[PDB]
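Everything on this sheet refers to the single structure shown next.
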Amino acid sequence: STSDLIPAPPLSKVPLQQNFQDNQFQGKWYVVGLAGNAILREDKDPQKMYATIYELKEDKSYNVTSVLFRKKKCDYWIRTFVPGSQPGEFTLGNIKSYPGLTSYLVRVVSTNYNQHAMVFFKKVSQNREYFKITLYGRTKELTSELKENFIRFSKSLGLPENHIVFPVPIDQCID
Ligand code: CM2
């Protein structure tokens, strides 16, 4: 391996949603926008929308399930997000069970809980530092104002246009 990556931005460029409400953030969210240093536009085979479901467990950790449509099937990915240093931040539970992963951070940047959200993730895997930002929607469509905003924020973190995509709405699996 030889890879080049846009550097993760310093945490100080990533706002935190104030007064984060874990109970209201629960439920299903669609990924209407996706940006990151390992995210690449692929005009030939554009990326399909997928969904991520947050369920609060009794201990207040989230059970996180992502579902995507691939090879005619629904693929499910499950992880645990445990509360971090402040409300709206999380780290990954059982980091141990993933070979090569030494750090994982989740920070809710902003959300109104019933329509949209922007979430920043940063991780270190096989010693490479990765980051992405998701534009989450309670519905598969969001105003063009929210999309531009997500675009400005992604760029403010060093990401150019070809590292920012808007997955295509589908009906399979995510409904
Ligand atoms: O996207 C969300 O809404 C939030 C997430 C919650 C669930 C956790 C799924 C588990 C692990 C994981 O997510 Fe992934 O998550 C990241 C977190 C922080 C920084 C960068 C990334 C990623 N992930 C993407 C990626 O390409 N990962 C690798 C390496 C794959 C294993 C490590 N990654 O990279 C890969 O080859 O994946 C193939 C594509 C695929 O289907 N994977 C999807 C799985 C479902 C959620 C979307 N996603 O985010 C994917 O990776 C690109 O940047």
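In listed order, ligands and their atoms are each counted from 1. When reading the values below, keep in mind they use all heavy atoms of this one structure, side chains included, and skip hydrogens, waters and symmetry mates. Residues take their numbers from the sequence shown, with the count starting at 1.
A cation-pi contact, defined as under 6.0 Å to the ring centre and within 45° of the axis, is absent between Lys122 and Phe131.
Atoms of ligand 1 found under 4.0 Å from any heavy atom of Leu68, numbered from 1 in the order shown, are 41 (O), 45 (C). The distance from ligand 1 to the heavy atoms of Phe131 drops below 4.0 Å at these ligand atoms: 19 (C). Of all the atoms in ligand 1, the ones that sit under 4.0 Å from a non-hydrogen atom of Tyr136 are 2 (C), 3 (O), 4 (C). Close approach to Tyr130 involves these atoms of ligand 1, each under 4.0 Å from a residue heavy atom: 19 (C), 20 (C). Proximity to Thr52 (heavy-atom distance under 4.0 Å) selects the following atoms of ligand 1: 2 (C), 3 (O).
Looking at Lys123, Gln47, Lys132, it is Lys132 that brings a heavy atom closest to atom 49 (O) of ligand 1. Taking each of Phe121, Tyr54, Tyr50 in turn, the one with a heavy atom nearest to atom 1 (O) of ligand 1 proves to be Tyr50.
Using modelled atom types and a 3.5 Å distance limit, the side chains of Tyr30 and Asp175 yield a donor-acceptor pair. Judged purely by distance below 3.5 Å, without hydrogens or angles, the side chains of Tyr136 and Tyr54 pair a donor atom with an acceptor atom.
Heavy-atom neighbours of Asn127 CG from other residues, nucleotides or ligands within 6.0 Å: at or below the threshold of 12.
Looking at residues two or more places apart in sequence or on another chain, you find no side chain to side chain donor-acceptor pair (under 3.5 Å) involving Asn19.
A salt bridge links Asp171 to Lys140: at least one charged side-chain nitrogen sits closer than 4.0 Å to a carboxylate oxygen.
Under 4.0 angstrom from ligand 1, there are no non-hydrogen atoms of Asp75. Contact annotation: for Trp77 versus ligand 1, heavy atoms closer than 4.0 Å belong to the side chain alone.
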Side-chain polar contacts of residues 143-151 - donor-acceptor pairs under 3.5 angstrom, sequence neighbours left out - could you list them?
from, atom 1, to, atom 2, distance (Å)
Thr143, OG1, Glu145, N, 3.4
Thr143, OG1, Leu146, N, 3.2
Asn149, OD1, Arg152, NH2, 3.0

